[PDB]
Structure formats: structure tokens, C-alpha cells
Amino acid sequence: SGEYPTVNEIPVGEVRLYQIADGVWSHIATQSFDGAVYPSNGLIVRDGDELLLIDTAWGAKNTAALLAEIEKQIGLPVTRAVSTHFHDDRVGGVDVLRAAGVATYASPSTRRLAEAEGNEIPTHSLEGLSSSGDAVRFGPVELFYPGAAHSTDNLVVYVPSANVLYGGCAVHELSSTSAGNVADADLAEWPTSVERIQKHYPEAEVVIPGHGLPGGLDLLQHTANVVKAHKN
Ligand SMILES: C[C@H](OC(=O)c1ccc(CN)cc1)c1cccc2c(-c3ccc(CN4CCOCC4)nc3)c(C(=O)O)[nH]c12
Ligand SMILES: [Zn+2]
Ligand SMILES: [Zn+2]
């Protein structure tokens, strides 16, 4: 009924959308992994009379449900998708997207890691993102590579029309006490990568984490703090 939807409010398999700004939504789904249930976010950005999708809904069936939810709530076709790193909460569902007419994209780093891990592989490579601090335009967003953080390949997404920063899994929600699933992370570089985000996007008004509730710019400093303390 209007609050940001939480893990226990979304059965696995169902997807909700949340309006962030004009022409910007998040998508929220839930999935089981190693015997626990987790929420995860992605982004939808209006691109004229089409939509740009950022990240899958963490699985094939969830991603089919995402497409259905978009059709019901928005009614514009998803034509392109970008995955912001190689884990299943970002690429699981890419095969569904591709068979629904969506062109799927990721950095070459993400594509290599997805292939090596046995995850679904976006079709198209995003060049121009291989060095930390690189940025490229992609439709109505800017893609930014901040350096290694949650993963070595993680990208962030900025929506300049709305000053929305989608941090993906490099950014944690304010309630987080932990750095999340750090198995592929660089805890030592992560603060430095967050500082790059902070420097590059000082006018962000909304910051959306990979998992959990959006907030403001404080999510960035909180993330740095949680990661340093985890390392400690
Ligand atoms: C799909 C993703 O796979 C991986 O990352 C991965 C890594 C390595 C391998 C081995 N090849 C396999 C998979 C994944 C799977 C499962 C979970 C995650 C989490 C996550 C997010 C929040 C929290 C904090 N919660 C915990 C419970 O209650 C309170 C707060 N914990 C974890 C996060 C994330 O941090 O982004 N990515 C999660
Ligand atoms: Zn991840
Ligand atoms: Zn994640």
C-alpha cells in the first residue's frame, strides 16, 4: 500500500514495482539461496516509448513475472537490459529476457565471470568501462565502473534526469549490519570504490541498494562504514 516492499511481503515468484521518480521504478523480487530467502532490487528507466531494464529479478520465473508486472503497471516494451555484475540476482533471467525480445548487455568482465561460474550470459559487451572511474552513456542512464567492491565487475547506474543513483550490490541499505554476501568481494578496495561514487555523483537524491530499502546519499557512507568494520 505504498511503502517500499520488504522480504516477508513478497512471496518467491512475485514481483513488485515501486515508483522512484518520473520515469524511474525499482523492481523487487525474492529468492531462496542456500536455504534462506532474500529480497533484491533492480531498476526500470523510461526510454521514450520503450523501457531500459537494469538487472534481472533473480531467476527465470521471477524474471518472467517481472515482465508481466511491467506490462500490467507500465505497458511499454522492455527493449534493452543491463546486468550490473555476474551473480544470479543480476543475470539469472537473462535467457528469459533474450527470448522475450530484450537485448541483454553487460561488461566484458561480467560476461567472462558469468560464463566461468555457469550463470546466464548477457549477449552484448559494454566496452569503455574497464578502468575505475570510467563512465559511458546507455540510453537514459550513465553506467559507471567505480572499481572492485562487492565484486570486481560491479557497475553503478545514474539516471541524470532524476538524480537517481542505483548502486547495485556495491551499496547497502541503512539497516545493514553486515557486508552481505562477500564471497567475491574486495573488502580492502570497496571503501575506495565507494569514495569514487561519492565524488562522481554528489547531486544524487535517491540511492538504491542492490538489496533493501532506498534512501539518500548516506547509504554510501554507511556502506563504507559497514565494509570497514567487517574487514576489521
Ligand atoms: C545471488 C548472490 O550470490 C552471491 O553473492 C554468490 C557469491 C558466491 C557464490 C559461490 N560461487 C555464489 C553466489 C547472493 C545470494 C544470497 C545472498 C546474497 C546477498 C546478501 C544481501 C544481504 C544480506 C544481509 N541480510 C542477511 C539476512 O538477514 C539480514 C540481512 N545478506 C546477503 C548478496 C549481496 O550482498 O549482494 N548477494 C547474495
Ligand atoms: Zn552479487
Ligand atoms: Zn547482490
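One is the number of the first residue; the rest follow in order along the sequence. Note that ligands are numbered from 1 as they come in the structure, with each ligand's atoms numbered from 1 the same way.
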Within the 4.0 Å heavy-atom cut-off around ligand 1, the contacting residues, ordered by chain and number, are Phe33, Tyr38, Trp58, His87, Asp89, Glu117, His150, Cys169, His172, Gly180, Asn181, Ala183, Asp184, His211

field: Nearby protein N/O/S atoms (those under 2.8 Å) for the Zn ion (ligand 3), with water ignored
entry: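 For the Zn ion (ligand 3), the protein N, O and S atoms that sit under 2.8 Å away are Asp89 OD2, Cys169 SG, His211 NE2.
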
Hey, is the main chain of [Y] close enough, under 3.5 Å, to the side chain of [X] for a donor-acceptor pair?
X: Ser83; Y: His85; answer: no
X: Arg111; Y: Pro122; answer: yes
X: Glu69; Y: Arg16; answer: no

(Q) Using 30° and 60° as the class boundaries, would you call the ring planes of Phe138 and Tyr105 parallel, tilted or perpendicular? (A) perpendicular

*In terms of ring plane angle, is the pair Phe144 and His200 parallel, tilted or perpendicular, where the classes change at 30° and 60°?*
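Ring orientation of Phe144 relative to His200: parallel.
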
Paired with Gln221, the side chain to side chain donor-acceptor pair (under 3.5 Å) test is passed by just one of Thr223, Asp218, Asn225, namely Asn225

Is any side-chain heavy atom of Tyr38 closer than 4.5 Å to one of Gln31? no

Only counting residues at least two apart or in another chain, list the ones meeting side-chain contact (heavy atoms from CB on, under 4.5 Å) with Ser193.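 In terms of side-chain contact (heavy atoms from CB on, under 4.5 Å), with neighbours along the sequence ignored, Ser193 is linked to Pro146, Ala149, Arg196.
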
What pairs of donor and acceptor atoms, side-chain ones from residues 88-96 against any protein atom, are under 3.5 angstrom apart with sequence neighbours left out?
| residue | atom | partner | partner atom | Å |
| --- | --- | --- | --- | --- |
| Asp89 | OD2 | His211 | NE2 | 2.9 |
| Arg90 | NH1 | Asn41 | O | 2.8 |
| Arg90 | NH1 | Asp55 | OD2 | 3.0 |
| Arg90 | NH1 | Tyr166 | OH | 2.9 |
| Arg90 | NH2 | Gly210 | O | 3.1 |
| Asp95 | OD1 | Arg98 | NH1 | 2.9 |

